[PDB]
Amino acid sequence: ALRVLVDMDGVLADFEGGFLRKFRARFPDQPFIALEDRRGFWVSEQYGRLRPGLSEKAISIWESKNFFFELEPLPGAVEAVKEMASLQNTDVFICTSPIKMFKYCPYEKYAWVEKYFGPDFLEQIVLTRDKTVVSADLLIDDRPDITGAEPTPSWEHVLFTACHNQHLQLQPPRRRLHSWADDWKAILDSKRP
């Protein structure tokens, strides 16, 4: 079977929108970064440049209970992955990194998957801080540079569009999946025998 790894935050689950909503609600008198203006992968670094002490306040949002659990799915994500997993000769794993503060995040990621994909889909979860040691044909992930212990990962990394990466020019033959409305089936079919 063709094997596809799908990232969670910024691909399945709307980490950026969730973060902004909760930040504004908790820190209504602080300045914030509109999603369109997000630059750089690390939210807290951008916030830290905007005002002193804002990096720590940003961090307190994703460390809070229910932050991960209450993320909304990105449009099309649940439908696409469900269809993808039902395709013949196609094994789909949700491959995601928990944050360092582990009190809520791993638990809530399991709970989120159960909620949107159902109990049977829990067998498809891989939690890891290193994706290069997970072998597959494809990795769909919004992070531009994915590295770790394995210098030559078996997967092709398809960059999932996010505001933070939308301007990035990629080194051919690297490619993008622009959203779940985009033609993911053609990408998968291009890797099949």
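Residue positions are given as counts along the sequence shown, with the first one as 1.
Checked against the record, the higher mean CA B factor of 159-167 and 35-43 lies with 35-43. Checked against the record, the higher mean CA B factor of 3-11 and 184-192 lies with 184-192.
Comparing the C-alpha B-factors of 143, 131, 65, 49 in the entry, the top value falls on 49. Based on the entry's C-alpha B-factors, the most elevated value among 124, 135, 152, 60 belongs to 152. Ranked by C-alpha B-factor against the other modelled residues of its chain, residue 87 falls in the highest third.
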